[PDB]
Amino acid sequence: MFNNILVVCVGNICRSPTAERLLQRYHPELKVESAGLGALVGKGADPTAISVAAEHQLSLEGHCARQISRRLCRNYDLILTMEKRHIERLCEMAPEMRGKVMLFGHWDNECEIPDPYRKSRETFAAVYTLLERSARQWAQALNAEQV
């Protein structure tokens, strides 16, 4: 059971906390946390990410952005992201975790997901919908594959 996960995106404030909370919604006992490759360390969750989460009654409350570092990569047992470009950076940062970085859309023909950054709420909702199905597939795998 890879109970300890760190989700990662570029600016941190959006996809990482959305994924964190979606994973917690489907597995309350999961230790899941959120960071970024070029994080806005100290900022809260993005107002637009909060808005689309609240439109599905999920609460990105109390998120704090965190620059991922080699120490953070060692701290968890599965590193999770949304794009294969980010897998490449994370493998370069922590070769010791290269076999343990994967993406949300892995279970969907390894499809990668846009980053909503500052685009309209429709973009935030489109990535939220992608993240929601991906989080269900990750939760299904987490629930299964017991040993």
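The deposited coordinates derive from solution NMR.

Novice: Explain the packing of aromatic side chains here, please?
Specialist: Aromatic rings in a pair are described by how distant their centres are and how their planes are angled relative to each other. What the rule picks out here adds up to two aromatic pairs. Ring plane angle 85° and centroid distance 6.1 Å describe the contact between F2 and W138, whose orientation is recorded as edge-to-face. With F2 in the segment before β1 (4-9) and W138 in helix α5 (residues 121-143), the pair connects residues that are 136 residues apart, well separated along the chain. Using a relative accessible area of 1% as the deciding quantity, one classes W138 as buried. An angle of 75° between the planes, with centres 5.0 Å apart, marks the rings of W107 and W138 as edge-to-face. In this pair, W107 is assigned in the loop between β4 (101-103) and α5 and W138 in helix α5, connecting sequence segments 31 residues apart. For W107, a relative accessible area of 36% gives the class partly exposed. Three or more aromatic residues link up through ring pairs in this structure, and these residues are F2, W107 and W138.

Novice: Mind showing me how you'd approach the UniProt feature "active site" in the chain here?
Specialist: The sites that carry the UniProt feature "active site" are, in the present numbering, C9, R15 and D115. Spanning 107 residues, the annotated positions come together in the fold, the maximum distance between their C-alpha atoms being 8.0 Å. Mapped onto the elements of the fold, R15 is located in helix α1 (residues 15-26). Not counting residues within four places of it along the chain, the set of residues in contact with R15 comprises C9, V10, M82, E83, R85, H86, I113, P114, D115, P116 and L131. Polar contacts involving the side chain of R15 include one to the main-chain carbonyl oxygen of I113, which spans 2.9 Å. Relative to the assigned elements, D115 resides in the loop between β4 and α5. Those residues within four positions of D115 in sequence are excluded, and the remaining contacts are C9, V10, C14, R15 and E83. A polar side-chain atom of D115 sits 2.7 Å from a polar atom in the side chain of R15.

Basis of the calculations
- Residues numbered from 1 in each chain as written, not as in the entry; some residues may be left out.
- Heavy atoms only, no water.
- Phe/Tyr/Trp six-rings, centres within 6.5 Å; stacked < 30°, edge-to-face > 60°.
- Helix = DSSP H or I, 4+ residues; strand = E, 2+ residues; numbered from the N terminus.
- Buried < 20%, exposed > 50% of the residue type's maximum accessible area, 1.4 Å probe, protein only.
- UniProt positions renumbered as here; feature names shortened; annotations may be inferred.
- Contact = heavy atoms within 4.5 Å.
- Polar contact = N/O pair within 3.5 Å; in protein donor to acceptor, adjacent residues only side chain to side chain.

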